[PDB]
Structure formats: structure tokens, C-alpha cells
């Protein structure tokens, strides 16, 4: 979403988000660290290429041509500075000059020490309770964003973790068209298309970046969850990590885990999609989780088996036409889990990433809420581990990532919605260690 600095009446009608870094000649003096050699407020490049015929409503919703319905110039940082005001570094660099390289390691959560496990859990929990220093979320569309008075912007403060949740909600939210008009849903800016892996890779990056600063711990790393063991049960649903089932309500988490205290954001879509609002920062319900508890749907009562991961890494084309959730022989679609581990599609298969989400039979299984269950974070580091391995074996062959006629949101150089500063899918399409400053301690089947 947007820097608080740009969440103003001033900045919203400038069409400009170029906040100051260190201004010692007053406001306006250091927009993008430009006094130093660091960045320069210039106009945003958006992808303009056409999307799939699937999306009818070009011109009705703020996510299109991101971020151009909000901002027309952003900071473009020079070299390896990064950030909204070019104040930090691009992934894989630190130091005052962004000249010292770094490489953190994401390990399996069950290999972590006793204290490491506790500190991760306590870190997630602190991220849930701590107000994001930088981003605030819009609670209304841009049409209503400056308030009734046309002068009180309708943005709320949001916690670090809940921001993570919000950005996911806002990329899947239905397009609202008008009251009484039933909103449009064949629309997904982060799933069922090639951007699924890059959207969720940046998603993790930003949360990791955020938790790193929160903790004052530059080398904190998001551990992963190996869910491709095929077990009957959730081997990370224990009070020492993520919480086991509550003995008083088998659909809630143990009162002996902090996550039993967590309360969700964005669990009122019938409000959002009938009045044209957005998920705001107010929490309500607790997390629901019921691993393997889906009596009605036996094909989602067991996690994927180790060779499934082995096979979906045999699919050598990243994606295939129509670049949608019914793509065949498409690596993205089969890891995302609409194809079976071989590559073949069937309206009935739910494997890998998808089945992991469905297996929890609860909050983590529901698209608009699923980051509320922090298992999400580990589910996806692992999915990002499969992705990062695929790019190692196929030397990052981006040729099959389409540049046009993907579902909207999914063209190769679309800015991933609603990440800020704008970042195109292709900048996440790289081998993470040499480029994004992280790697996975992991060993693959065969």
C-alpha cells in the first residue's frame, strides 16, 4: 500500500509519492534522497499491454495499470538503493552505501533450535501487534478515498503482519461496480496465473524485510514448512510452534499458543463487496483451523507426498496458454496446485500449494483470509523454495512468462498489486541467492 507520507490530500492530487529522506533545507528538499546521489522522483512505468479477455471491466477498479489510479511519479532509486524514499537497500545489500552484500538462509522450521523456534513465534506475534512504521491501508476505493469532506483521507494504521494480510486481500478482492450491482469475481491479481509465484515471492520478501527492521535483526530469515511429507496431520501444529488444536473447540488453536489470541482482519466480504469498501484494520473473529478435518472432501485430508515435489520440478515450461488455472504442462499451475504433480489438469485435482491451504480446513484455506493463519508464511516460503529450485535447474528461463494476454495482474511487467514501490513480476524472476540475498537450506527428493 502507500507510505503514510503520501496518504495525504496534498500527495493524492499531485499524483506524486516521492517523500523526503533527510531534508535539512525544509520539506521538499530531499525527495528520494536526491540531495545525496540516491534517488530521483520520476514518472512511473506501468504495464500497458493487454490482458486476457477474462476481465471485462477496464476502467472500473483501482488495481488496473497499477499504480496509475493513485500515483504518477514515484521515487526511482539509483544503483542499489531501494525503498519509498530510497532510504534502504535492494534485496541482498546493506551498509550506508548499499555496497556490502548479504545472504541469509531460510531453513526448515523443524531443524531450528529450541530458542530459534521460540524467537520466531515471538517475532510473528510481535509483528501482529506492532504498528507498521511505514505503510497505511486505504479503507475505501479512490472515488471515496478523500472522505466525505474531500479532505480527510480514509487510511488507517495497520500492524506489520496485518499489512501482509491486507495486501493479499486487496489482490483478490472482487471488483466493485455499484450498489445493487453484484461485484465481479473472475479476477485475481496474485493467483491462477503466472504472477502467483512472483507476487507471493515479493510478499514474503516484504514481510521478511519488515520483521528484520522490527527486530533490529538484519539477518532474521523466514523459515519454511515442508508440507510435502504426505502425513495425516500437521507436523507444525504444536504449542512450541504455530499451536496445536484446542481441547475446548477442535476448530480453534490451543489456548497455550499465542496464535490462539490472534484475531483476523478482512473477514467481512459481504460488507466490502456490497458497499464498495475495503478491508480495514479492525480485527474480529479468531483463527479457525482443522487439519485433515474436512470430512466432506477426502482428497484434502492428506498433504502432498514427497515425490509430488520431485515431479512438478520435472515440468520444464514455467507456464502455458491460457496462462490460467486450467493450464496444462505448466510448472506454475502445477506447483500452485490446479494440475496434478505431472502437469495434467482435471477440475478435481488439488495438489501441492493448493492442497496445503485446503488441508488446514479453516482460515488458512480461504483465499481472502488465508494469511491470518501464520502457517501461511511457512506454507509459502516452502512454495517459494520450490520456485527458487525450478529457476536454478532451468537457468531462470523467463521466456514462457507471457508479456500480454495473461489474466489482468499477470502480464510479465505488471506492477504487482498493491506493492510499493512498484515492482514488476520480472524482478522477482531471478535465482534468489545471487540476486535477492536469501537461499534455502533444503534437500530435494529423487
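Positions refer to the first chain, counted from 1.
As recorded in the PDB entry, 307-315 is the stretch of 369-377 and 307-315 with the greater mean C-alpha temperature factor. Once the C-alpha B-factors are averaged per stretch, 167-175 and 75-83 rank with 75-83 first. The entry lists C-alpha B-factors for 239, 217, 267, 336, and the highest of these is at 267. Of the candidates 414, 55, 382, 420, the one whose C-alpha carries the top B factor in the deposited record is 55.
Per the deposited record, the Cα B-factor of residue 191 falls in the lowest third when ranked against the other modelled residues of its chain. Among the modelled residues of the chain, residue 131 sits in the lowest third by CA temperature factor in this PDB entry. Among the modelled residues of the chain, residue 91 sits in the middle third by CA temperature factor in this PDB entry.
Ranked by Cα temperature factor within the chain, residue 229 sits in the middle third according to the deposited record. Split the chain's modelled residues into thirds by C-alpha temperature factor. Residue 250 is in the middle one.
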